[PDB]
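**Student:**
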Amino acid sequence: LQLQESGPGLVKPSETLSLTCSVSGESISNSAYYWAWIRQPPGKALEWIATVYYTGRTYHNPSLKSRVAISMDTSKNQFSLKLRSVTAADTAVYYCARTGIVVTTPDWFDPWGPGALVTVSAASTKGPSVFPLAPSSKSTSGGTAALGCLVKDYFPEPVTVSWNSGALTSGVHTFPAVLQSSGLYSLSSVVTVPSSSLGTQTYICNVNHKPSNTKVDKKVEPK
Amino acid sequence: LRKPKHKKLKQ
Amino acid sequence: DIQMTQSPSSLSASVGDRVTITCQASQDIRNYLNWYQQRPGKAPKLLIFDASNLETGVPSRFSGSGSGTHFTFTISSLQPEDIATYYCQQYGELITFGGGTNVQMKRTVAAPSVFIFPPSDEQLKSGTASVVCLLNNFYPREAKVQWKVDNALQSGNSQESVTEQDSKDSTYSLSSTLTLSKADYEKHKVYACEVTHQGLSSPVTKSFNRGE
Numbered sequence: 103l104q105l106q107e108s109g110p111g112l113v114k115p116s117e118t119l120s121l122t123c124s125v126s127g128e129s130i131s132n133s134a135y136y137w138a139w140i141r142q143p144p145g146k147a148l149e150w151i152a153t154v155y156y157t158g159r160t161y162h163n164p165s166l167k168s169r170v171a172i173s174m175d176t177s178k179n180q181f182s183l184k185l186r187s188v189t190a191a192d193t194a195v196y197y198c199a200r201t202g203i204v205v206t207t208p209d210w211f212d213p214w215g216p217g218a219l220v221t222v223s224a225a226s227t228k229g230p231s232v233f234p235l236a237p238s239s240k241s242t243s244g245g246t247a248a249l250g251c252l253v254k255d256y257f258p259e260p261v262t263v264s265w266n267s268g269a270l271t272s273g274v275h276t277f278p279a280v281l282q283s284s285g286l287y288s289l290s291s292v293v294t295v296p297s298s299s300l301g302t303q304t305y306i307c308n309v310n311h312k313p314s315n316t317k318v319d320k321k322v323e324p325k
Numbered sequence: 054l055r056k057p058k059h060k061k062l063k064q
Numbered sequence: 030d031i032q033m034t035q036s037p038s039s040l041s042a043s044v045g046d047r048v049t050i051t052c053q054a055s056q057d058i059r060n061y062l063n064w065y066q067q068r069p070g071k072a073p074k075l076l077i078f079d080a081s082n083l084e085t086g087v088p089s090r091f092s093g094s095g096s097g098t099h100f101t102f103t104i105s106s107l108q109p110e111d112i113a114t115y116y117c118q119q120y121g122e123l124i125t126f127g128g129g130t131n132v133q134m135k136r137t138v139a140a141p142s143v144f145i146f147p148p149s150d151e152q153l154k155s156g157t158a159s160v161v162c163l164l165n166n167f168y169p170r171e172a173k174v175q176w177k178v179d180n181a182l183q184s185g186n187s188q189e190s191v192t193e194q195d196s197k198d199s200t201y202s203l204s205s206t207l208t209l210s211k212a213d214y215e216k217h218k219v220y221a222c223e224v225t226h227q228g229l230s231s232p233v234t235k236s237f238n239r240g241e
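Protein chains in written order, with the numbering used here: chain A, 103 to 325; chain B, 54 to 64; chain C, 30 to 241.
1. Measure the C-alpha to C-alpha separation of A:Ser-291 and C:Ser-155 and round it to an integer number of angstroms.
2. Terminal residues of the continuous beta strand (DSSP E) containing C:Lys-211?
3. What residues in the stretch 63 to 96 of chain C have a beta carbon less than 7 Å from any beta carbon of chain A?
4. Report yes or no: do three or more beta-carbon pairs, one from the stretch 109 to 126 of chain C and one from the stretch 231 to 251 of chain A, lie closer than 8 Å?
5. Could you spell out the range, first to last residue, of the beta strand (DSSP E) harbouring C:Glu-223?
6. When Cβ atoms are compared, which residues of the stretch 201 to 234 of chain A fall closer than 9 Å to chain C?
7. Is the shortest distance between the beta-carbon of C:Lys-235 and the beta-carbons of chain A less than 8 Å?
8. Name the one or two DSSP bridge partners that A:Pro-296 has.
9. Would C:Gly-93 and C:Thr-85 be called neighbours here (beta carbons separated by less than 8 Å)?
10. Can you name the residues of chain A whose CB is closer than 9 Å to the CB of B:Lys-60?
11. Alpha carbon to alpha carbon, how far is C:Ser-41 from A:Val-125?
12. Of all the options A:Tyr-156, A:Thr-160, A:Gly-250, which has the alpha carbon lying nearest to the alpha carbon of A:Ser-264?
13. Do the stretch 54 to 61 of chain B and the stretch 201 to 208 of chain A make contact, defined as three or more Cβ pairs closer than 8 Å?
14. Is there contact here, the stretch 183 to 191 of chain A with the stretch 155 to 173 of chain A, by at least three beta-carbon pairs under 8 Å?
15. Identify, in the order they occur along the chain, each residue of the same chain with its Cβ nearer than 7 Å to the Cβ of A:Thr-122, setting aside the five sequence neighbours on each side.
16. DSSP on A:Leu-286, reduced to helix/strand/coil?
17. I need the straight-line Cα distance from C:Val-174 to C:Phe-167, nearest angstrom please.
18. CA-CA distance, C:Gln-66 and C:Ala-221?
19. Comparing the C-beta of A:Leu-185 with each C-beta of chain C, is any distance below 8 Å?
20. Taking C-beta pairs closer than 8 Å, name the residues in chain B that C:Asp-57 reaches, listed in chain order.
21. Taking the Cβ atom as the reference point for each residue, do A:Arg-141 and A:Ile-151 lie within a distance shorter than 8 Å?
22. Quick one: list the residues of chain A neighbouring C:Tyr-168, beta-carbon separation under 8 Å, in chain order.
23. Show which residues of chain C have a CB atom less than 7 Å away from the CB atom of A:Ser-243.
24. State the start and end residues of the unbroken alpha helix (DSSP H) segment that holds C:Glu-151.
25. For C:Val-233, which residues in the same chain have their Cβ closer than 6 Å to its Cβ, ignoring the five residues on either side in sequence?
26. Hey, is the stretch 178 to 191 of chain C in contact with the stretch 132 to 150 of chain C, meaning 3+ C-beta pairs nearer than 8 Å?
27. When the Cα atoms are used, what is the spatial distance from C:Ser-55 to A:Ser-116?
28. Contact criterion: CB-CB distance below 8 Å. Does A:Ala-134 meet it with respect to chain B?
29. Entirely within the stretch 162 to 232 of chain A and at least 3 residues each: give me those beta strand (DSSP E) ranges in chain order.
30. If you count every other CB in all the chains shown that lies within 10 Å of the CB of C:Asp-150, and 16 or more means buried, which is it?
31. For the stretch 253 to 262 of chain A and the stretch 218 to 231 of chain A, state whether three or more C-beta atom pairs, one from each stretch, are separated by less than 8 Å.
32. Do A:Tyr-197 and A:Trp-214 have their CB atoms nearer than 8 Å?
33. Quick one: what's got a C-beta closer than 6 Å to C:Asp-46's C-beta in the same chain, skipping five residues either side?
34. Given a cut-off of 8 Å, decide if C:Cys-162 and residue 250 of chain C are closer than it, judged by their beta-carbon atoms.
35. What is the rounded straight-line gap between the Cα of C:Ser-210 and the Cα of C:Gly-127?
36. For A:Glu-149, return the contacting residues in chain C, with the cut-off set at a CB-CB distance below 8 Å.
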């Protein structure tokens, strides 16, 4: 059983947020489960939005009902969420989830989708530039070498970084993005490797920016 | 009622 | 309508320590109360359902108890992989969550490994130069990173970023980026970051000469 959100990274103020969760491994028409949406503004607590049942029965967060539309599509095994008249307060990560696990009505949420960050802003989407942080004599300590990738000038958040298509996870530090004076974000991802491996092992950072639907695979070579 | 009703479990 | 009062808002403890979190419901909700664990960037994960039942695969150091309005969540021996934010959640009436508790770890002093990165040739071709100074796996979080350009202290042209606590050794990492235009970058020779930290006897400086 896997859930996956899909929606627009950016939504202009006053316009309608629209997301879709696709479910594989279980039928959403199965009378045994419910299907809900939860959101989480950055640095704030989880907030449940609404729950939908195959019959059409719905539960709503009373603070959001007048702006919320939750629907189900039996054909595509998907269910949707629409939030009208968004403001900055609606900028949040939105999760889909399965509920009604034991009770005949919503109880707890398991499992969850990975979550989709929706940013409310009038600015335009911009993909990132990716530049290597090359290992050198100034990037060693004691058999250890540091290298990385600079992911600069993108909007909106987020950007995900992997190393060697996920094969390299030990010693990787991907830093939180910082908002630059230009209104664009920038971050760096680094990894410490043995200096023995610099001449032998290939190092590639895989930068994904789903809001702009762009990727960069940057090979990081020694200086 | 002040002490809650029992929610139904799936059979 | 039913509010969950989660307390404390945040806490710090050392490895092996006992950690306790409480949630109080504004109305009686029987045992219709669950607990979740959420790591940064990750979706929350169910740990305990119906106040006291441990979900499959959850370590037995996590436990919960309570009924009616008073509920308790306990980590009997805090581990570095337990550094996360925890949430209660009732389903007595609709769904509401507690305010959350982010759990941090206190540990021994650890000095950073410092590395400096000159701007790429690719970025220089685009008209901008970013110099990156890296502080790797240190504790505590507090650190002073000072950029010196031709031994002149810099201010207002750098930005810092600190990772979340490492799930293995509970240390922090810090990145500080000095951003100049390509024109201004070529008017100076020596680029240095000087790091001051509790784990270092004296400040550590990593530097390079532009084009050398």
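Note that beta-carbon positions come from the ideal geometry of N, C-alpha and C, so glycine has one too.
**Tutor:** The short version:
1. Counting from one through the first sequence, the residue named residue 291 of chain A turns up at place 189. Counting from one through the third sequence, the residue named residue 155 of chain C turns up at place 126. The alpha-carbon atoms of A:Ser-291 and C:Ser-155 are separated by roughly 20 Å.
2. The residue you call residue 211 of chain C lines up with position 182 of the third sequence. Note, C:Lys-211: premise wrong, no beta strand (DSSP E); alpha helix (DSSP H) at 211 to 214.
3. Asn-63, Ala-72, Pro-73, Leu-75, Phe-78
4. no
5. Indexing the third sequence from 1 puts residue 223 of chain C at position 194. Per DSSP, C:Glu-223 belongs to the beta strand (DSSP E) from 219 to 225.
6. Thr-201, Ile-203, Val-204, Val-205, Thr-207, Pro-208, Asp-209, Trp-210, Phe-211, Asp-212, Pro-213, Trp-214, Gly-215, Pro-216, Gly-217, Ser-231, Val-232, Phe-233, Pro-234
7. Walking along the third sequence from the start, residue 235 of chain C turns up at place 206. By this cut-off, C:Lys-235 is an interface position.
8. One-based indexing of the first sequence puts residue 296 of chain A at position 194. Answer by DSSP bridge pairing, in chain order: A:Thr-246.
9. As a position in the third sequence, residue 93 of chain C is number 64, starting the count at 1. As a position in the third sequence, residue 85 of chain C is number 56, starting the count at 1. Not closer than 8 Å, so no.
10. In the second sequence, residue 60 of chain B corresponds to position 7, counting from 1. The answer, in chain order, is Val-205, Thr-206, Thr-207, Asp-209.
11. The sequence position of residue 41 of chain C within the third sequence is 12, counting from 1. The sequence position of residue 125 of chain A within the first sequence is 23, counting from 1. Spanning the two alpha carbons is a distance of roughly 38 Å.
12. Within the first sequence, numbered from 1, the residue matching residue 264 of chain A stands at position 162. Considering only alpha carbons, the answer is A:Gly-250.
13. yes
14. yes
15. Here residue 122 of chain A corresponds to residue number 20 of the first sequence, with the count starting at 1. Excluding residues within five positions, the ones whose Cβ falls inside 7 Å are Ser-108, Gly-109, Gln-180, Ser-182.
16. In the first sequence, the residue the question calls residue 286 of chain A occupies position 184. Three-state DSSP puts A:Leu-286 in coil, outside helix and strand.
17. Numbered from its first residue, the third sequence carries residue 174 of chain C at position 145. Numbered from its first residue, the third sequence carries residue 167 of chain C at position 138. So the alpha carbons of these two residues sit roughly 13 Å apart.
18. Your numbering for residue 66 of chain C matches position 37 in the third sequence. Your numbering for residue 221 of chain C matches position 192 in the third sequence. Answer to the nearest angstrom: the Cα atoms are 41 Å apart.
19. In the first sequence, counting from the first residue as 1, residue 185 of chain A sits at position 83. Output row for A:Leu-185: interface = no.
20. Walking along the third sequence from the start, residue 57 of chain C turns up at place 28. Ordered by position in chain B, the residues that pass the 8 Å Cβ test against C:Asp-57 are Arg-55, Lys-56, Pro-57.
21. Working through the first sequence from its first residue, we reach residue 141 of chain A at position 39. Working through the first sequence from its first residue, we reach residue 151 of chain A at position 49. Their beta carbons are under 8 Å apart, which means A:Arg-141 touches A:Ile-151 by this criterion.
22. The count along the third sequence starts at 1 and reaches residue 168 of chain C at position 139. Those within 8 Å of C:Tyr-168 in chain A number zero; the least Cβ separation is about 14 Å.
23. On the first sequence, position 141 is the one that residue 243 of chain A refers to. Under the 7 Å cutoff, chain C gives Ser-142.
24. The sequence position of residue 151 of chain C within the third sequence is 122, counting from 1. Taken as a continuous stretch (DSSP letters only), the alpha helix (DSSP H) holding C:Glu-151 covers 150 to 154.
25. If you number the third sequence from 1, residue 233 of chain C lands on position 204. So the list reads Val-143, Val-224, once near-sequence residues are dropped.
26. no
27. If you number the third sequence from 1, residue 55 of chain C lands on position 26. If you number the first sequence from 1, residue 116 of chain A lands on position 14. Taking the straight line from one Cα to the other gives about 34 Å.
28. For the purposes of this step, residue 134 of chain A is taken as residue 32 along the first sequence, with counting starting at 1. It does; some Cβ of chain B falls within 8 Å.
29. 170 to 175, 180 to 185, 194 to 201, 218 to 222
30. For the purposes of this step, residue 150 of chain C is taken as residue 121 along the third sequence, with counting starting at 1. With fewer than 16 other Cβ atoms within 10 Å, it is exposed.
31. yes
32. Reading the first sequence from its first residue, position 95 is the one you call residue 197 of chain A. Reading the first sequence from its first residue, position 112 is the one you call residue 214 of chain A. It is a contact, given that the beta carbons lie within the stated cut-off.
33. If you number the third sequence from 1, residue 46 of chain C lands on position 17. Excluding residues within five positions, the ones whose Cβ falls inside 6 Å are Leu-107.
34. Residue 250 of chain C cannot be examined here, being either before or after the span of chain C that is shown, 30 to 241.
35. The count along the third sequence starts at 1 and reaches residue 210 of chain C at position 181. The count along the third sequence starts at 1 and reaches residue 127 of chain C at position 98. For C:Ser-210 and C:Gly-127, the distance between alpha carbons rounds to 47 Å.
36. Here the question's residue 149 of chain A lines up with position 47 in the first sequence. Ordered by position in chain C, the residues that pass the 8 Å Cβ test against A:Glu-149 are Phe-126.
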